[PDB]
Each structure stands twice: as C-alpha cells, then as structure tokens.
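Next up is one chain by itself, shown in structure tokens, the form deposited in one PDB entry.
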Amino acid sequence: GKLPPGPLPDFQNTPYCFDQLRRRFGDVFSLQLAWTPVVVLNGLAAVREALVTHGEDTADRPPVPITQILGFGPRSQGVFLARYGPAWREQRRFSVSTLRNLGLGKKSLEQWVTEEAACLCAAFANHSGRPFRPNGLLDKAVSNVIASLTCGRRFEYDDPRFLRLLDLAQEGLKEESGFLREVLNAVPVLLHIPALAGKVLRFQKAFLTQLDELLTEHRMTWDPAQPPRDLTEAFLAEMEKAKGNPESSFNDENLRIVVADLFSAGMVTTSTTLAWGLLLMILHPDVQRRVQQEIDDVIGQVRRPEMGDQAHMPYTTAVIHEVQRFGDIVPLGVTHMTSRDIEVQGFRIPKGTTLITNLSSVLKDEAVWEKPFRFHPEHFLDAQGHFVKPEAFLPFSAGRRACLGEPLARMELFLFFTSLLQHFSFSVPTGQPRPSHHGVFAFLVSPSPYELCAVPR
C-alpha cells in the first residue's frame, strides 16, 4: 500500500529536473501535475519491473486531450498514442508485418538505403571543404528511406514540397514539448476557447495538411491490381476489405495518422542520432580513425556497406550503440499509464497512474556503465574486442510498446554511418570553439548546433 515518495504541490528542461528529484528521493518517486498522478521510474530495475514484469498492466497510454483537434477517435488513434487495446494491436501488427514484407531484413531495402546514402555522400561532397551544419542533409536522406517504405517514393533534396514537409515536422516536434501543451492536457476545458485551439498545434496541423496532399496524389497512382508496393498501398487495400466494418482501425482518419507518425518518426529519430554520431566523431578523432580502419579491413573504400558486414565489425557496432547511449535522444521515453494496480520496487502504483520511464537514467546508470557520462565505445566491448550489449541498453524502451521502428533504425544507423565514414573524414572547423557535447531538449534531444568539415578520402 506504500505509495512512492515525492514533493507535495521547467518543461523545456524536464530530464534535468527529474535527475535532481531522482537522487533526492530514490528510483521510484511520485510527483503531482495538476490533477494527474505521475510516477517516475529510474534505473534499469524499476523500468524493467514496470514495462516487462508488469507489462500487461503498463502497456497503456495516458489520454492526450489536445489530440482531439487532429481528428482522433476510437478506431483512429494510430499506434503511438493509441490506447492499449484492439485498435493499437491491429495497427502495430500491421506496421511490423508490412515493413517486413517490403524488404526490412532483406537485401532489398538494404540496397535501397545504401543507394540513398550515395545521394547523401554526394551532397556532403558538394560542400567542398567548407564548414556546414550536416543536420538538414541527414534529415533528407533518412526521410527518403521511410518515405520509400510508406509513400513508395523518394524526394530530391531541393524539392520545395519535401523541404516544407521536413520543416513542418521539425516545428511540430517542438510543439510536442513546452509548457503550453501541458496545461491544455492537464485541464482540457481550456481547449474550448476557439482562439486558443488554433495556436497550440499550429505546425502539426500544417504538417498533416501537407501530408494529405501527398496522400491524395499517391491514391491516384496506386494500382490495386498489383501487390502493395509500400505501406500506404497496403493500408488502402485493407481499407477496401474493411468497407462496412465499424470495428476496423483501417479508415481514412487512421491512414493519415499512421503515415504521419511513421514518416516523422522515421525522420527525426535516426537523423538526430546520426547528428550525434558525426558530432562525437569530430570530438573524438581517434575513435573515427579506428572505425575507418575497421571499415577498410572488412568492406574497403570501394563497395557499399551491407548488413552482413556488421557481424564482422564489432568496433563500429560498439560506436553506433555508444552514440545511441550517449546521444540519449529520448530521455524520458513516451508516457505510459497503468491499466491495473501494480508493485514496483516495493512501492504501490494504483491503476490509472501516468508512468514516466526515465530511459536516460538507464542509459547512463552509474551502477551498470563504466563511464556513463563519457563517450566510451568500450561500453560495448570486452578486452578481446568482441561486441557485447548490456541489458541496460534500452534506447527503444521495453515491453509491448517498445519501438517498432528499431529494426529499421538499426540498419539505417549502420548503413548511413559506415558509408559516411567510408568516404569522408570529419573534423571541427579550424578556428572554431570546441563544440559542446551537451544537447538541447525538445522531447527529443538534439546536439547543440555545430559545424564540421567533410573532406573526402
């Protein structure tokens, strides 16, 4: 019956405040936000006990009132914010299966991704020896991969509409944070104000509008007489079969939500991680050279990298995992909710409680990692040089809600990272201050703005 302790009654720096509250109270501490009860879980033990051991009771999502503006409904919640039930499970299984059918885990997508990497490399080279922010180009290349899986196409890096879609998605990501989002979600009746409802998610609404245009175009080119060439076509085919069935999650409202979630996720996660990767490679040239050494020993500077090479490249694999661990791009994960009363680390957590998984505290747990606050590839290496992955490596969280994009992320991260280090050498621009290894929080944590030089090899 003993509830977790907590302070009795900034969101632009939330992961920072939680760690201060962490060491103060403990691993499992409670805290009050408006009329919403919240329990924050810290360290591998607490997170694992909640998401795995009590996985059936913590796989649910809290209600998010402001999503009513985006056309949400019982069979229209997509996957991400979908309540733990049939609608979530139908869409989740669909995404996992459809991605797998489209060549995820095969040589097919593998060669497509490394084709986009070639386009990315060419864009890098066009900047000569000049210093530049590589973020925009990383977004485009990574976005084309997920666009290829969902929309069945890629976009040119100068495409006006592609650029706007990426820009809106990035601005929409900022709207996923802030303090205003919290108040409207804490007390929903403030949303009744018509003048207020049009500002809260101004860019996310713009993104959806821009996406609708592309979907409409895609509908026209869809050939239902042929097997689905991408995820959207597969969804449409299921939507046709589901005509007359009110229980199906395959509807128009859900099509745009699923595609939006997948595309934007496909973009801002992998590219931010890659942005962390390049930053850490110019801050640690020694590590960069050792990776390039392994590439030349396994792949060479000639042919494009393949997923078969990763098993023979433990150091590069270690570096990539360390980029994810140090990068820590989803510090507080995604909020869960208890659908039943549970027991975590002795304390009692009642049904309906919002759970916050502090994944940061797992990736940088001092009890597990040797040098949690340092960039240290040997976190994933033994003395022999073998790749080892600790249990505390949970950047994709855990349990029934664990990131479904992890297989895509894994192959994208390896294929893009290796291809970029295979042909380029990155460094801090001479005359410029040492780029901070601290990041900026906005739900996702991106590295602070930096520039680099990309000289070909």
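Residue numbers run from 1 along the displayed sequence. Superpose the two forms; the largest set of C-alphas matching within 1.5 Å is the rigid core.
The form deposited in another entry exists for this protein as well; it is not shown, and the discussion that follows is about that form.
Task: Single mover in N185, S76, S95, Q292, with Cα shift of 2 Å or more between the shown form and the other one when the core is superposed - done: Residue with a C-alpha shift of 2 Å or more: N185.
Task: Rigid-core frame, C-alpha of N245, shift of 2 angstroms or more between the shown form and the other one - done: No, its C-alpha moves less than 2 Å.
Task: Core fit, then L104 C-alpha moves 2 Å or more between the shown form and the other one - done: The answer is yes; the displacement is at least 2 Å.
TODO: Look at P194 and decide if its Cα position differs by 2 Å or more between the shown form and the other one after superposing on the rigid core.
DONE: The answer is yes; the displacement is at least 2 Å.
Open item on the list: I want to verify one pair: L215 and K107. Are their C-alpha atoms nearer or more distant in the other entry compared with the form I supplied, knowing the change is 3 Å or more?
Closed with: Closer is correct, given that in the other entry the C-alpha spacing of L215 to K107 is reduced by at least 3 Å.
Open item on the list: Taking the cut-off of 3 Å or more as given, in which direction does the distance between the C-alpha atoms of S108 and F235 change in the other entry, closer or farther?
Closed with: Here the pair is farther apart than in the other entry; there, closer.
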